[PDB]
Structure formats: structure tokens, C-alpha cells
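Chemist: This one is an experimental structure. Sequence first:
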Amino acid sequence: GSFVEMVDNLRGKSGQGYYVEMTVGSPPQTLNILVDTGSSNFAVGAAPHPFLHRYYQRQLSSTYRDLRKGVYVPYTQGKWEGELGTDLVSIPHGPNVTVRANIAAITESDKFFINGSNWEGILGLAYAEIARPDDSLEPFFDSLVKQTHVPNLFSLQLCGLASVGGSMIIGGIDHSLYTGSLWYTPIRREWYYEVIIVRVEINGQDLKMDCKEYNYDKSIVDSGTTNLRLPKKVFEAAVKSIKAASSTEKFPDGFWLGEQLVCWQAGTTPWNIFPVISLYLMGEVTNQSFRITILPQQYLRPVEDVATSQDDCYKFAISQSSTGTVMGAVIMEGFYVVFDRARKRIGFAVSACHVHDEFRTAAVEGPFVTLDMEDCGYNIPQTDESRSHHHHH
Ligand SMILES: CC1(C)Cc2cc(Cl)ccc2C(N[C@@H](Cc2c(-c3cn[nH]c3)csc2Br)C(=O)O)=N1
Ligand SMILES: [Zn+2]
Ligand SMILES: [Zn+2]
Ligand SMILES: [Zn+2]
């Protein structure tokens with residue numbers, strides 16, 4: 001399981017995520033598993049479903065053990081539930097180790113698996129604090145690093161219905177996947193991969209918001225999310241600014257809402273009217289930041305429907321959040337992202353698989369120094385529910 005063994009180990013469908021092959025059980029059942037840095041459960045479909053053709057069959061695994069505890073995982077717009085267990089787990093195009101991990105066998109779901117794409121399960125790569133049913137359920141990556149000698153890091157190259165590829169480097173960094181400098185931003189708190197944005201610019205123009213507005217009520221790095229999602233106030237300022245820049249073209253409201261495509265005759269899309277977006281992340285040094293800059297080729301996603309397949313058509317992939325900024329696939333496809341859990345930090349460097357203009361490029365640039373660096377994190381109002389629960393850990 002070399003870094004060369006790990007290169008190009010991801011596949012997916014456009015806007016339906018990236019998945020990696022894993023083997024569960026003995027004898028080995030192979031499944032395609034979504035890589036999800038925004039949750040913390042390893043869960044696999046384990047019963048028939050109209051949109052699956054394989055699933056994890058507990059009864060075929062000699063190594064499976066039932067934990068005799070169910071789990072229920074609600075989302076804003078769907079759910080999964082299942083039965084907790086443990087089994088031997090391997091990643092065939094990854095490190096040459098095998099581990100006993102927690103696995104939730106998914107027995108019912110709603111709007112979770114969908115038509116087309118080809119994963120049967122999710123690998124929650126974030127921290128125990130957001131695991132279901134509670135943070136005593138050790139996540140896969142925790143188990144990987146506690147049971148083997150794999151270094152406590154992994155990296156993601158996501159290259160951007162169309163088929164997509166990429167790489168997850170487990171336990172290292174592969175220098176072939178990126179060009180130029182690697183910049184690190186602190187992980188603010190180990191739950192999500194929470195980071196702190198200090199400044200936002202649209203074509204070099206500062207949004208000039210209180211920087212806490214950028215991180216309201218959190219900012220996270222999430223391979224499980226398609227869009228760049230932005231807090232409501234922030235999202236409105238960004239759309240006003242992008243609208244201003246692209247004003248030679250007057251799009252319907254549906255477009256800005258992500259509910260409608262806009263099209264140009266093949267080859268003729270005016271990329272130059274759409275601005276770049278730079279998010280400045282807290283540096284490792286106090287008073288420092290660096291910026292990650294994305295092109296409209298990342299936030300305007302190609303979509304191919306029929307009859308007028310002669311046109312290139314696009315959806316706007318920046319959307320409104322009430323749960324904070326989410327740096328989803330729109331951001332991550334620009335970059336090689338290092339999840340350096342050992343050193344409690346996330347790195348960004350420019351990806352070798354750039355989707356880029358003849359005249360412009362996605363960039364990772366710093367330092368930028370500030371005197372009077374205000375504190376830009378937001379403190380989430382502490383609920384009694386959260387205050388009461390004891391953590392003897
Ligand atoms: C990580 C995951 C699968 C979690 C999830 C659960 C549910 Cl119930 C619905 C959507 C999603 C979901 N939403 C995505 C899109 C998506 C989806 C999806 C969309 N609908 N259902 C799954 C699969 S992989 C990706 Br990336 C997003 O909201 O941006 N992501
Ligand atoms: Zn394989
Ligand atoms: Zn107690
Ligand atoms: Zn706890």
C-alpha cells in the first residue's frame with residue numbers, strides 16, 4: 001500500500017461525492033464507500049435497496065460481531081438507521097494493514113443512497129465528538145491509528161452525470177499530487193474539521209464583514225458536501241458581488257438559487273466575467289493568514305441534459321447555510337488537502353488536477369499579516385443538553 005498504491009484510489013459521479021474501495025468481513029466483501037470528512041460513523045447499507053445492487057451481508061462474515069445496539073441518524077432532509085457491530089476492515093488500495101472497526105449496518109434509510117452513483121456506505125473521517133449515537137463509538141480512523149503504525153494523518157486530492165477521480169493518501173503526503181507551497185491552518189476544535197476564516201474577497205474586493213460572520217456558527221472542511229455553503233449574510237454579500245461582476249449576463253433568480261442552469265453555445269462560456277473567490281484562513285502564526293483562491297470553474301458546475309447538448313450548461317454551486325460555512329467539493333477540488341490530525345492542522349496546496357483557464361489559476365498564497373487580528377471564531381451558545389452530559393474520557 002504505497003503512496004503510488006494509493007494514487008487514484010477514488011472515484012465518483014459529479015455532485016454525488018467520492019468513494020474508496022474497502023473490504024469488510026472474512027471472507028472479504030468489497031464495497032464502494034463515500035469518503036466523508038463531515039461525519040464520524042463508518043456505515044454500510046446492509047439490506048436490499050432499489051438503488052443498491054450490493055450491500056454488506058453480516059451473515060456472510062465469520063468475523064462479524066453484533067454490539068446489540070441500534071443507531072438512528074437524522075439529517076435535515078433524510079436519515080439512516082441501523083445496527084452497530086464490529087468487523088475486520090481493509091482498504092485494498094491503501095495501507096497494508098487490517099483492523100477491527102465499528103460498523104453500523106444500515107437497515108433503513110431515506111434520501112440517503114440515490115440513483116446512479118455507486119457507493120454502498122459512508123466513511124466518516126471526522127472526530128469522535130460528533131459520532132452517533134455518542135462519542136464513545138470510536139471512528140474508523142481512530143481504530144486505524146490505534147491498532148497499526150499508520151501515521152495519524154490522511155490527505156485528499158479530489159479532481160472535479162460526469163465521472164470524477166482522485167486520491168486519499170492514508171498516513172502520508174504524496175508530493176506528486178500538488179505544486180508549490182503547502183499552507184497550514186489550525187484545527188480549532190476536534191469535532192468537525194473546524195477552521196477559522198479571517199477574510200473573504202471577490203475579485204480582490206474585501207467583503208468587509210465582521211470576520212465572525214464568516215464563521216457563523218462554524219467553518220468546516222467537508223468532502224461529504226458538494227457546494228461551498230455560506231452563512232446567510234455572507235452568502236448575500238457574495239451573490240451581490242458576483243452578480244455585479246457578471247452583469248453583462250442577466251440570469252434568472254433560479255440560477256443564483258442553484259435551482260436552474262444557465263447555458264452558452266459550446267466553447268463560448270465567458271469565464272472572465274465571473275470573479276475569483278479567495279478565503280483567508282488563520283495561519284499557524286498568530287497574526288498570519290494565507291488565502292485559498294478558487295476559479296468560477298470550481299463554483300460553476302457543468303451539467304449535461306439533452307436536445308440542446310450542443311450548449312455548455314452550468315449550475316451555481318454556492319449556496320445559503322444556516323449551519324455555518326461548509327468548504328465542500330467546490331473548494332476541495334482546487335486543492336490537495338492534508339488532514340494532519342497529529343499536528344491538529346489542515347494543509348492546502350494547489351492540486352496537480354487543476355480545472356483551469358488559459359489566463360487564471362486556483363492558488364494557495366501567503367503570508368498576509370495583520371496587526372490587530374481580532375478573534376474570528378464564534379462561540380456556539382451552550383445548551384443545557386450539551387452542558388449536562390458527562391465525558392469520562
Ligand atoms: C455525506 C452525505 C451523503 C450525507 C447526506 C445524508 C442525506 Cl440523508 C442526504 C444528503 C447527504 C449528503 N449531501 C450532499 C450531496 C451528496 C449526496 C446525496 C445527496 N442526496 N443524498 C445523498 C451523496 S454524496 C454527496 Br457529496 C450535500 O448536501 O451537499 N451528503
Ligand atoms: Zn481494487
Ligand atoms: Zn459522570
Ligand atoms: Zn464523551
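Modeler: Sure, I can see it. Numbering: from 1, shown residues only. Ligands and ions are numbered 1, 2, ... in the order given.
Chemist: The closest residue to ligand 2 within the stretch 51-200 of the chain: what's it in contact with?
Modeler: In the stretch 51-200 of the chain, the residue that lies nearest ligand 2 is residue 92 (4.5 Å; Cβ to the ion). Quick note: C-beta positions are derived from backbone N, CA and C, even for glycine. If a contact means Cβ atoms under 8 Å, 6 or more residues apart in numbering, then residue 92 has 21, 22, 23, 30 as its contacts.
Chemist: Which of those sits closest to ligand 2?
Modeler: Closest to ligand 2, out of all of these and judged by Cβ to the ion, is residue 21, at 4.9 Å.
Chemist: For the closest residue to the closest one other than its chain neighbours, give its distance to ligand 1.
Modeler: The shortest distance from residue 21 to any non-neighbouring residue, by Cβ to Cβ, 6 or more residues apart in numbering, is to residue 92 (5.3 Å). From residue 92 across to ligand 1, the span is 21 Å (Cβ to the nearest ligand atom, to the nearest Å).
Chemist: What of residue 337?
Modeler: Counting by Cβ to the nearest ligand atom, the gap from residue 337 to ligand 1 is 15 Å.
Chemist: for residue 237, same thing?
Modeler: Distance of residue 237 to ligand 1, given as Cβ to the nearest ligand atom: 22 Å.
Chemist: Return the residues in contact with the spatially closest residue to residue 153 that is not a sequence neighbour.
Modeler: Spatial nearest neighbour of residue 153, excluding adjacent residues (Cβ to Cβ, 6+ apart): residue 340 at 4.9 Å. For residue 340, the residues meeting the contact criterion (Cβ under 8 Å, 6+ apart) are 153, 184, 346, 347.
Chemist: which one of the residues you listed sits closest to residue 363?
Modeler: Proximity of the contacts of residue 340 to residue 363 was ranked by Cβ to Cβ; the top entry is residue 347 with 14.7 Å.
Chemist: Walk me through which strands the strand or helix carrying the closest one pairs with, and which way each runs.
Modeler: Using DSSP states H and E, the secondary-structure element containing residue 347 is strand 345-351. According to DSSP bridges, strand 345-351 has the following sheet partners: strand 178-186 (antiparallel), strand 335-340 (antiparallel).
Chemist: Could you single out the most deeply buried of the ones you listed?
Modeler: Highest mean neighbour count of these: strand 335-340, a mean of 25 (counted as mean count of other Cβ atoms under 10 Å).
Chemist: Export that strand to PDB, keeping only CA atoms.
Modeler: Presented in PDB, the C-alpha positions along strand 335-340 are these (Å, rounded to 0.1, in the frame of the first residue of the first chain):
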ATOM      1  CA  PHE A 335      -6.500  21.700  -3.800                       C
ATOM      2  CA  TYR A 336      -4.600  18.900  -2.200                       C
ATOM      3  CA  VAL A 337      -5.900  18.900   1.400                       C
ATOM      4  CA  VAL A 338      -3.900  17.400   4.200                       C
ATOM      5  CA  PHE A 339      -5.800  16.400   7.300                       C
ATOM      6  CA  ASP A 340      -2.900  16.500   9.800                       C
END
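Chemist: circling back to that earlier point, quick check, the residue of the stretch 51-200 of the chain closest to ligand 2 in a helix?
Modeler: No. Residue assignment for residue 92, taken from DSSP: H, G, I helix; E, B strand; the rest coil, gives coil, which places it outside any helix.
Chemist: Give me the distance between the two termini of stretch 300-309.
Modeler: Taking Cα to Cα, to the nearest Å, stretch 300-309 runs 17 Å from one end to the other.
Chemist: Return the nearest residue of the stretch 251-393 of the chain with respect to ligand 4.
Modeler: Minimum separation of the stretch 251-393 of the chain from ligand 4 (Cβ to the ion) falls at residue 391, amounting to 3.2 Å.
Chemist: Surely that residue and residue 135 touch.
Modeler: Yes. With contact defined as Cβ atoms under 8 Å, residue 391 counts as touching residue 135 (7.1 Å).
Chemist: if you count what's nearby, which of these two comes out ahead?
Modeler: Regarding residue 391 and residue 135, a neighbour count based on other Cβ atoms under 10 Å identifies residue 135 as having more, with 17 against 9.
Chemist: Residue 321 pairs with what?
Modeler: With DSSP bridges as the criterion, the beta-bridge partners of residue 321 are residue 231.
Chemist: Compute the number of surrounding residues for it.
Modeler: Residue 321 has 20 neighbouring residues, counting by other Cβ under 10 Å.
Chemist: What of residue 305?
Modeler: As a measure of burial, residue 305 has 10 neighbours, counting by other Cβ under 10 Å.
Chemist: Ok, residue 258 next?
Modeler: Counted by other Cβ under 10 Å, the residues lying close to residue 258 total 16.
Chemist: Can you tell me the closest non-neighbouring residue to the residue positioned nearest the centre of the chain?
Modeler: Nearest to the mean C-alpha position of the chain, by Cα atoms, centre = their mean, lies residue 223 at 1.4 Å. Distance criterion Cβ to Cβ, 6+ apart; nearest residue to residue 223, sequence neighbours excluded, is residue 37 at 4.5 Å.
Chemist: these two touch, right, that neighbour and residue 123?
Modeler: No. Contact criterion Cβ under 8 Å: residue 37 and residue 123 do not qualify, at 9.4 Å.
Chemist: Could you point out the helix or strand that follows the strand holding residue 347?
Modeler: Proceeding C-terminally, strand 345-351 gives way to strand 363-369 as the next helix or strand, assigned by DSSP H and E.
Chemist: quick one: that following strand to strand 335-340, angle?
Modeler: Interaxial angle, strand 363-369 versus strand 335-340 (axes from the mean of the first three to the mean of the last three Cα atoms, to 10 degrees): 60 degrees.
Chemist: What strands flank strand 363-369, and is each parallel or antiparallel?
Modeler: Applying DSSP bridges, one finds strand 363-369 paired with strand 288-294 (antiparallel).
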